[PDB]
Every structure is written in C-alpha cells, then in structure tokens.
Amino acid sequence: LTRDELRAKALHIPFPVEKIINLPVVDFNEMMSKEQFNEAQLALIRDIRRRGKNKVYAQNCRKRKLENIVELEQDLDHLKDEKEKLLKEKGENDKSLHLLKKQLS
Amino acid sequence: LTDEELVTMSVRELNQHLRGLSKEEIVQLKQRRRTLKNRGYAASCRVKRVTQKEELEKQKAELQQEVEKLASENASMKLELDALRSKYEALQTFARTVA
DNA sequence: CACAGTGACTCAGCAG
DNA sequence: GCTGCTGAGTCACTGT
C-alpha cells in the first residue's frame with residue numbers, strides 16, 4: 001500500500017487514491033458530493049489530488065525539455081543541408097551567368 | 001558553520017571540525033553537507049542544460065537567417081539570369097535571319 | 001475557483 | 001566510505 005493510500009485510509013476517506021487523482025473535475029465533484037468530510041479529510045484529499053496531478057506535469061515538462069533538444073538538433077541538421085544545397089544552386093547560377101557574360105564580353 | 005563554508009570544506013578538513021560534536025551530530029552535519037552538495041549538483045545540471053539550449057537556439061537563428069537570405073538572393077539572381085538568357089536567345093534567332 | 005506548467009530543492013540510487 | 005550525476009517527487013509559484 002502506498003503512503004497516500006495509507007494516509008487516506010487513516011482519515012477514513014472511502015475513495016480510491018486513483019480516482020482522487022485521475023477523475024475529471026466534473027466526475028471528481030460528483031464523487032465528493034453527498035459527503036460530510038471534515039477539514040482534515042478535505043485537506044488530505046486536495047493534497048493527494050494536487051500532488052498526483054503535479055507529478056505528471058513535471059514528468060511531461062521534463063519529457064518536453066528532452067524532446068525540444070532533439071528537435072533543435074534536427075533543425076540544425078536540416079538547415080546545414082539546406083545551406084549546402086542553396087550554395088550549390090548559387091554556384092550553378094554563378095557559373096551560368098559567367099558563361100553567358102564570357103560568350104558576350 | 002555557514003552554508004558555502006561547509007560545502008567548500010574538504011572531507012579531510014571536515015574531520016578537523018569535530019570539536020565537541022557527538023556521534024549523531026557528526027552524522028547530521030555530514031548529511032547537511034551532502035544535501036548542500038546535492039543542491040549544487042542540481043543547480044550545476046540546470047545551468048548546463050540552459051546554456052546548451054540557448055546555444056543550440058543561437059545557432060538555429062543564425063543558420064535560419066543565412067538560409068533565408070541565401071534563398072532570397074538566389075531567386076533574385078535566377079530572375080536576372082533568366083532575363084539575360086531570354087535576350088541572348090532572342091538575339092540568337094534574329095542572327096539566324098541574315099543574308 | 002479550476003487545471004497546467006516550471007525553477008528550485010530534495011532524496012534515492014547508480015557509477016566511478 | 002565520498003563524489004557527480006540524474007530520474008523523480010514536491011513546493012511555491014505563475015500562466016490560461
């Protein structure tokens with residue numbers, strides 16, 4: 001049993017910790033309805049929900065940081081290729097303009 | 001003992017500051033130093049990731065404006081090259097109409 | 001109010 | 001044993 005589940009059981013909270021954290025706010029409010037929790041039970045429920053949701057936010061925030069570095073390194077890779085491709089095109093245009101001007105003077 | 005003074009202290013000099021401390025207070029002070037060291041490692045890690053991100057973004061912005069400028073000037077020169085080739089070809093066909 | 005995001009701090013645990 | 005690093009959880013905020 002997790003520490004959260006033991007604390008919820010100690011305060012006689014009848015809801016599963018998973019439902020406290022993962023229920024959409026509409027269904028969460030329905031679950032909380034028709035109850036009689038004291039301040040201690042309400043505070044622990046709110047603490048479990050906040051920590052459970054913020055845990056995932058931090059997870060997603062750290063995954064995005066790593067993904068953003070991968071996307072940046074890919075952007076650099078393509079830009080160097082596009083710069084190389086554009087320079088080749090500029091060379092063929094510069095060589096064609098030269099040949100034309102040579103043909104004339 | 002203030003914070004950074006305990007962090008900068010080597011493990012050898014730390015044992016020189018065991019004046020009147022009990023076996024437990026020596027432990028808690030060692031965990032206090034370790035906590036302060038871990039706080040610096042996380043800050044050192046956060047700084048390293050920030051400079052890496054800011055440097056990669058600096059190179060991307062520079063290369064993006066390089067590529068954008070290259071594509072723009074290439075398109076403008078290709079216009080003038082095509083126009084010069086058109087006049088050259090038009091003069092070519094007229095040159096084939098002589099006695 | 002709600003949810004979502006984020007720098008900083010913390011601890012755990014692995015490698016050296 | 002300590003040292004650096006780093007994946008997570010948490011807090012105290014700010015943002016929509």
Side-chain angles (χ1 to χ4, degrees), chain A residues 1-33 35-77, chain B residues 1-3 5-11 13-18 20-22 24-47 49-62 64:
Chain A
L1 268 177
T2 72
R3 229 275 183 278
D4 271 353
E5 288 168 314
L6 289 169
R7 296 166 57 189
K9 257 159 138 47
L11 269 70
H12 302 283
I13 289 152
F15 307 138
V17 162
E18 195 269 341
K19 282 219 240 166
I20 289 173
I21 295 171
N22 300 342
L23 273 183
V25 63
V26 181
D27 306 305
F28 175 75
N29 291 354
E30 191 276 339
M31 175 155 95
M32 296 296 281
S33 76
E35 289 297 337
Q36 77 315 309
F37 301 132
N38 55 23
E39 137 73 23
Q41 291 164 307
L42 292 170
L44 174 57
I45 286 168
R46 163 172 302 267
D47 173 66
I48 291 176
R49 182 158 172 96
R50 178 192 79 247
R51 272 185 298 111
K53 275 168 140 39
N54 186 250
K55 203 203 331 197
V56 174
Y57 302 156
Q59 262 158 53
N60 301 334
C61 177
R62 300 183 169 115
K63 278 184 215 148
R64 248 161 209 290
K65 257 171 187 113
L66 266 39
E67 245 305 300
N68 160 80
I69 304 264
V70 175
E71 294 180 84
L72 279 173
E73 290 168 339
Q74 190 276 330
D75 291 329
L76 282 192
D77 274 354
Chain B
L1 295 120
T2 186
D3 264 9
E5 185 190 3
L6 175 55
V7 198
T8 325
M9 215 174 285
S10 151
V11 67
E13 179 162 35
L14 193 280
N15 284 288
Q16 305 283 332
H17 220 275
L18 310 180
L21 314 152
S22 94
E24 232 49 50
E25 327 157 306
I26 273 155
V27 153
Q28 323 195 120
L29 178 90
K30 276 178 181 153
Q31 320 179 312
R32 213 223 152 192
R33 176 177 170 278
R34 169 69 165 166
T35 296
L36 283 196
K37 288 270 208 223
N38 271 342
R39 182 196 298 166
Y41 303 155
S44 156
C45 185
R46 283 193 313 270
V47 166
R49 311 272 205 67
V50 157
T51 82
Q52 174 202 33
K53 155 127 172 183
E54 297 185 339
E55 164 86 339
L56 290 183
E57 261 158 349
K58 156 175 199 143
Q59 309 180 187
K60 176 185 178 189
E62 147 159 43
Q64 186 78 240

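Proteins get letters first, then strands, A, B, ... in listed order; numbering begins at 1 in each. In what follows, every heavy atom counts, from backbone to side chain, and hydrogens, waters and symmetry copies are set aside.
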Provide, to the nearest angstrom, the distance between the CZ atom belonging to B:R34 and the P atom belonging to D:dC2.
9 Å

Base, sugar-phosphate or nothing for A:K63? Non-hydrogen atoms, less than 4.0 Å.
nothing

Could you list by number each residue of residues 40-50 of chain A showing a heavy-atom separation from DNA chain D of less than 4.0 Å, or answer none if no residue does?
A:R50

Any donor-acceptor pair under 3.5 Å between the side chain of A:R62 and the base of D:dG9?
yes

Identify whether the distance between the nearest side-chain nitrogen and carboxylate oxygen of A:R49 and A:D4 falls below 4.0 Å.
no

With both distances kept under 3.5 Å, what pairs with C:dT6, Watson-Crick or G-U wobble?
D:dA12

Length of the OH-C1' vector between A:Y57 and D:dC11, whole Å:
15 Å

No-hydrogen, no-angle side-chain donor-acceptor test under 3.5 Å, B:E13 and B:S10:
no

Distances under 3.5 Å between nitrogen or oxygen atoms of protein and nucleotides 13-16 of chain D:
none

A:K53 NZ to C:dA2 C1', straight-line distance once rounded to whole Å
10 Å

Please confirm whether the shortest side-chain N or O distance from B:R46 to OP1 or OP2 of C:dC9 is below 4.0 Å.
yes

Can you tell me the distance, in whole Å, between the CZ atom of A:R51 and the P atom of C:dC3?
15 Å

Considering just the side-chain nitrogens and oxygens of B:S44, establish if one lies under 4.0 Å of OP1 or OP2 belonging to D:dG4.
no

D:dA8 phosphate, OP1 or OP2, under 4.0 Å from A:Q59 side-chain N/O
no

Without decimals, in angstroms, what is the distance between A:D27 CG and C:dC3 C1'?
15 Å

Quick one: which of B:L1, B:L29, B:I26 gives a side-chain contact (heavy atoms from CB on, under 4.5 Å) with B:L14?
B:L29

With a cut-off of less than 4.0 Å, is there a side-chain N or O of B:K37 near OP1 or OP2 of D:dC5?
no

Nucleotide D:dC13: sugar north or south according to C1'-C2'-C3'-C4'
north

